[PDB]
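Colleague: Starting from these lines, generate the structure:
(chains A, B, C, D, E and F)
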Amino acid sequence: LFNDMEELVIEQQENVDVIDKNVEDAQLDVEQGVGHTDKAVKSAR
Amino acid sequence: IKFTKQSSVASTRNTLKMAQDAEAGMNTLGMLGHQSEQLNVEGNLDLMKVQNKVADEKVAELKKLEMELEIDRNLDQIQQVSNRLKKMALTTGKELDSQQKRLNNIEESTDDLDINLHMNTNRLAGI
Amino acid sequence: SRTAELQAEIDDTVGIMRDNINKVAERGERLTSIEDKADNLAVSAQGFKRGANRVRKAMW
Amino acid sequence: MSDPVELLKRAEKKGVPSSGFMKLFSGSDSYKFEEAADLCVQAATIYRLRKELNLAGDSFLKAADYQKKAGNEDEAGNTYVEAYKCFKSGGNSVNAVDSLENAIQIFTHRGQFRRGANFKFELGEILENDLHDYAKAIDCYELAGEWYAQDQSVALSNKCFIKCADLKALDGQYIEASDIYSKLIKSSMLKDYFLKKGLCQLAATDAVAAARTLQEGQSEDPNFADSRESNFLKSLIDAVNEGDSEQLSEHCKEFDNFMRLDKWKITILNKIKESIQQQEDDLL
Amino acid sequence: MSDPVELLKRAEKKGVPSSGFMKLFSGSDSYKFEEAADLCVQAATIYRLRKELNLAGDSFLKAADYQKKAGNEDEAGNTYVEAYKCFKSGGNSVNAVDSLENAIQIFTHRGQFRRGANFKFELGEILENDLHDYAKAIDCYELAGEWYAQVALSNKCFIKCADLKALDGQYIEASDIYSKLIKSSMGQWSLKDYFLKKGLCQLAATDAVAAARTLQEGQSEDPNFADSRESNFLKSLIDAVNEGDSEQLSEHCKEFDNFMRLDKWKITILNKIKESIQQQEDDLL
Amino acid sequence: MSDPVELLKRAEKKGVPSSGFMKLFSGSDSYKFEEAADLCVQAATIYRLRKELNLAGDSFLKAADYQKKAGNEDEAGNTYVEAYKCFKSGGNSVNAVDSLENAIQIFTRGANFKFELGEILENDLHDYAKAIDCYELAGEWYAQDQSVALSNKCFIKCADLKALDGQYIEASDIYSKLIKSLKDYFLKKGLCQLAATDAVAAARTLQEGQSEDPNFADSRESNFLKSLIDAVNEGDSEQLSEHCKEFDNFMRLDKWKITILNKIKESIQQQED
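Modeller: Numbers count the residues shown, from 1 in each chain, chains lettered A, B, ... in the order given. Sure, structure below:
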């Protein structure tokens, strides 16, 4: 049972890596996008 | 009887050994702490929720604009390890439960953010 | 009586941890689905960035 | 704080579409509906702060309707989920069901099957537990498990088909529950699934299908040959073939002594016993 | 609710690029492709609600192609994932594979090797079970694991890739992948299996010294495998092939089965080793 | 597919800042740098589809540099991480290090990548000192972020590398921080103290662990540590070896413990000589 649990947890390590990375990239892209909409609002005024 | 005692000693040796081996429960739990910290992702997701609120308001405005003894000792050590292994099964179950609820929350939050971003992108497309 | 107690304790740890196997099942599928979502989220974030940039340029 | 009744009143005034000659001079009615929806959301927020949860749900429903009129269907789905949360925390199961149905329709129309399935499952849970509409709960679990099986989410779909099969078996649809258990087995290749399949077959008085299920389980994965569940299924099949209900009850007691029979198993075994006893009475 | 066939016809009518004089006065064709893509998506959501999964998948493929023509490659990949979804659920494995191929190409083209690898693994799974395309599935698993390396999905993919390679007659390369798995997983249980499997692959390649050194490596490097009944089994297999006595080999297989049931992979490899002893028996006369 | 070489060439041609009189009529040079970066990213993608990974990394470095001139530092950091990936997959560890250093500078994420940088320094380049620095600094960055478990991983790596590097006292101090796995931390602390000819501090570490943590009190590790302290106080190197073999028999000594135990034995034998 330990073997099955540890191996499966070995598998889940990539999911955790990918999730951290993907959400991190998304956060930065959203930050840039919000900044762009801020500058756009500044211009339309 | 000497043969039976020899077989018993051999099997207690193997038993202690496998018990030590399972005691993998550590690499699992240590890494689960590692990935627990990685899922605490949640920080990024909260920040996106705030920043999508900001995007909503901005873009809305944009649109508006001897042999016996060895058996005994091996059983002693097997007991010690097995007690500790029981603790590890209990705690691993607990941590999986907590992380499962956390992952469900992460799940719903990420999809909500995905939808809100598609919404804002579409409404930016028409401006 | 010690050996029987040890056997019982081992059996109980086996039970707890069979349940753990099922729990990490649910966690593993959870992690696959969440990977697909954050993949989607990264796409949508990049697209939102690009659309906001394009509106910023159009208006400028 | 603003009065939520006042906010809803202003929302209703703003939510009137431009009719007649005024339609030629008024811009798109979308903006009016957006503003009415924002006002309704504000009223819902104020109600939720006042723990007047059902009123908050109603205000969210009005907001979602205005959002649908505005063309912002995704906003409407999210607001229906908010109305849902308010109703469920308020114990108003019926309005909660309606909110999830609207939201799931919006989500499925937009290709968001994952969210639609999550909420269709929660809808099934509300139908099963608070409203006891077991049929529509079965339908919810089936449809949403299919939606997950599309997304490759095997473990979800398996939970879903477990719930669907359990409710079907409790509802007397033994054959269909056994078929769903076959799907679960195939997707998981589990001991519990083999046992439950066989039990459904016994409740359908088809001991031959139960024996084939036992042999399949024994052959395809070794953990079944040696499990208590396989032995118990064999023993039940033997009792059913022998038409002797007391032996079946003894086997149930033994198995209860080593692994507690949950409520579902007790029900199925009771109906199997009833079929045996009915056959015994019919032969006298 | 609109007729999906009418929506598809409208999309096809709108999907014609501007040609000749009208192109000088008509704006970018991106808008027309966007409209066709939206409309095919609507028609497909309709088909999909009717459980007509194959038609929904075909409409998804059409919309994805139109989106590719529109320049929105990410949305084309998402629509390909939808096409895949309805094809696999509809039992059409080949069209599901085609969607996976288009999707993965888009994804690697966008720097998203991750998703490409996940969907390459799904593609290899579909190939192995439904279409029995073993070589191309082997390639898919290898590429998925490589991109994953670029730890665990790669470890999983390498396990399956080595499994298919060894069962397919390619013992040496499967053993090399098992060595890669050993090196990546060192520092445990997966290792306990790896050493045995590597030895089995090399013993199927008639290199008894290779199985011997593999077992010795497992014994010296991994204390677990050193003590594991897998190591004693691999020693016993090595001995039985060394003496060239198929009977003791058969008894060792039975003994191994009695306590841990043997898997189809190991049965095929050990049957190949026994049949190699029978080829040796022919090599005697 | 476009030729990546031509895309790069177009990127440099666009990437020339406006000089002299033309600067008065040209808008912000940011847009030119953005377009050159886009061309470089395209070239990097094309190389990377070809498995010409090092060229893809170089193109990403050029793109990140153009992004830095544009003022889009966040994109520069992401692109440096892309260049890093290409180099690490390409076996070019030096350019991978350079990429993470630049990226961690922009980010200061910095802790995640500073740890990965430490791993490259440790395993591929064997620059143990600056890897130790990486682990220390990035564990501190986690400690600020209240990520205890990660920071503990970091200080484990830092302390192990320090102890292997002869900095026994500093490793013992990091083990004190890690204590404040616990049984293992106690053992390692004592061991470093023994490598510093510090038997009394080992005795106190043992006493601290025994009194404060019951699981360590009765553990094999505490028993091993007392036996080692007793041998060291006795100047009895063969007894130390015997205890080591016993503990190896019941609990395999990893390479780190073996190295430190050999150092302790050598210090005893040197006092004997």
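Colleague: Check the gap between the one residue sitting closest to the centre of chain B and chain C for me.
Modeller: By CA atoms, centre = their mean, chain B has its centre lying nearest to residue B:32, at 3.9 Å. Noted for residue B:32: a distance of 10 Å to chain C, by CB to the nearest CB, to the nearest Å. C-betas here are computed from N, CA, C, even on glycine.
Colleague: what does chain B have sitting close to chain C?
Modeller: B:41, B:48, B:55, B:59, B:62, B:75, B:78-79, B:82-83, B:85-86, B:89-90, B:92-93, B:96-97, B:99-100, B:103-104, B:106-107, B:110-111, B:113-114, B:117-118, B:120-121, B:124-125, B:127 (CB under 8 Å from any CB of the partner chain).
Colleague: Tell me which of those fall in helices.
Modeller: B:48, B:55, B:59, B:62, B:75, B:78-79, B:82-83, B:85-86, B:89-90, B:92-93, B:96-97, B:99-100, B:103-104, B:106-107, B:110-111, B:113-114, B:117-118, B:120-121, B:124-125 (DSSP state H).
Colleague: Give me the buried entries from the residues you listed.
Modeller: By neighbour count, with 16 or more other CB atoms under 10 Å in any protein chain shown, those hold B:48, B:55, B:59, B:62, B:75, B:78-79, B:82, B:85-86, B:89, B:92-93, B:96, B:99, B:103, B:106-107, B:110-111, B:113-114, B:117-118, B:120-121, B:124 as buried.
Colleague: For the most centrally placed residue in chain C, pull up the helix or strand it's in.
Modeller: For chain C, residue C:31 is the residue whose C-alpha lies nearest the centre (CA atoms, centre = their mean; 2.5 Å). Using DSSP states H and E, residue C:31 sits in helix C:2-59.
Colleague: Same question for residue D:261.
Modeller: Assigned by DSSP H and E, residue D:261 falls outside every helix and strand.
Colleague: Specify the local secondary structure of residue D:250.
Modeller: helix (DSSP: H, G, I helix; E, B strand; the rest coil).
Colleague: Please work out how many residues are found near it.
Modeller: 13 (other CB atoms under 10 Å in any protein chain shown).
Colleague: what does the one 5 residues further on give?
Modeller: By other CB under 10 Å, 21 other residues sit near residue D:255.
Colleague: Quick check: closest non-adjacent residue to it.
Modeller: Sequence neighbours aside, residue D:232 is the residue nearest to residue D:255 in space, at 4.8 Å (criterion: CB to CB, 6 or more residues apart in numbering or on different chains).
Colleague: And for that neighbour, the neighbour number?
Modeller: Count around residue D:232 with other CB under 10 Å applied: 22.
Colleague: And it, which helix or strand is it part of?
Modeller: helix D:228-242.
Colleague: go on, residue D:79?
Modeller: With DSSP H and E as the test, residue D:79 turns up in helix D:73-89.
Colleague: And that helix, what's buried?
Modeller: D:73-88.
Colleague: Next: stretch D:256-274.
Modeller: D:261, D:265, D:268-269, D:271-273.
Colleague: would you turn these into a markdown table with secondary structure and distance to residue D:169?
Modeller: Converted to a markdown table, those look like this (DSSP: H, G, I helix; E, B strand; the rest coil; distance: CB to CB, whole Å):
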| residue | secondary structure | distance to residue D:169 |
| --- | --- | --- |
| D:261 | coil | 14 |
| D:265 | helix | 10 |
| D:268 | helix | 6 |
| D:269 | helix | 12 |
| D:271 | helix | 10 |
| D:272 | helix | 12 |
| D:273 | helix | 16 |
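Colleague: sorry, back to before: the ones in helices among the residues of chain B next to chain C also near chain A: which ones?
Modeller: Answer for those near chain A (CB under 8 Å from any CB): B:48, B:55, B:59, B:62, B:92, B:106, B:110, B:113, B:117, B:124.
Colleague: Report the contact partners of the residue in chain C that chain D sits nearest to.
Modeller: Nearest residue of chain C to chain D (CB to the nearest CB) works out as residue C:29 at 3.4 Å. Contacts for residue C:29 (CB atoms under 8 Å, 6 or more residues apart in numbering or on different chains) come out as D:153-156.
Colleague: What is the burial count for the residue in the stretch 1-150 of chain D that chain E sits nearest to?
Modeller: Closest to chain E within the stretch 1-150 of chain D is residue D:150: 4.6 Å, counting by CB to the nearest CB. Residues within reach of residue D:150, counting by other CB under 10 Å, total 21.
Colleague: Which strands or helices does the helix holding residue D:79 pack on?
Modeller: Where contact means 3 or more CB pairs under 8 Å, 6 or more residues apart in numbering or on different chains; DSSP states H and E, helix D:73-89 is packed against helix B:67-125, helix D:30-49, helix D:53-70, helix D:93-109, helix D:113-129.
Colleague: Tell me if the fourth one is near chain C.
Modeller: This points to helix D:93-109. No: Helix D:93-109 is not in contact with chain C by CB under 8 Å from any CB; minimum separation 14.3 Å.
Colleague: List of residues touching that helix?
Modeller: D:54, D:57-58, D:60-61, D:64, D:68, D:73-74, D:76-78, D:80-81, D:83-84, D:87-88, D:113, D:115-116, D:119-120, D:122-123, D:126-127, D:130-131, E:45, E:49.
Colleague: tell me the centre residue of chain D?
Modeller: Note: chain D centre (CA atoms, centre = their mean) maps to residue D:124, 2.5 Å.
Colleague: and the gap between it and chain C?
Modeller: 18 Å.
Colleague: ok, that residue touching residue D:163?
Modeller: Yes: using CB atoms under 8 Å, residue D:124 is in contact with residue D:163, at 6.8 Å.
Colleague: tell me, what's touching those two both at once?
Modeller: D:137, D:141.
Colleague: ok, residue D:264 touching residue D:167?
Modeller: No: in this structure residue D:264 lies outside contact range of residue D:167 using CB under 8 Å: 9.6 Å.
Colleague: Please enumerate the helices of the stretch 151-284 of chain D.
Modeller: D:154-170, D:174-188, D:191-203, D:207-220, D:222-225, D:228-242, D:245-258, D:263-282 (DSSP state H, counting those that start in this stretch).
Colleague: most packed of these?
Modeller: Per-stretch averages of neighbours, counted by mean count of other CB atoms under 10 Å in any protein chain shown, single out helix D:191-203 among the helices of the stretch 151-284 of chain D, with a mean of 24.
Colleague: what angle separates it from helix D:263-282?
Modeller: Angle, helix D:191-203 to helix D:263-282, by axes from the mean of the first three to the mean of the last three CA atoms, to 10 degrees: 30 degrees.
Colleague: Count the neighbours of whatever residue of chain B ends up closest to chain D for me.
Modeller: Using CB to the nearest CB, the single residue of chain B nearest to chain D is residue B:119, 5.2 Å away. A count of nearby residues for residue B:119, using other CB under 10 Å, gives 21.
Colleague: With that, I have no additional questions.
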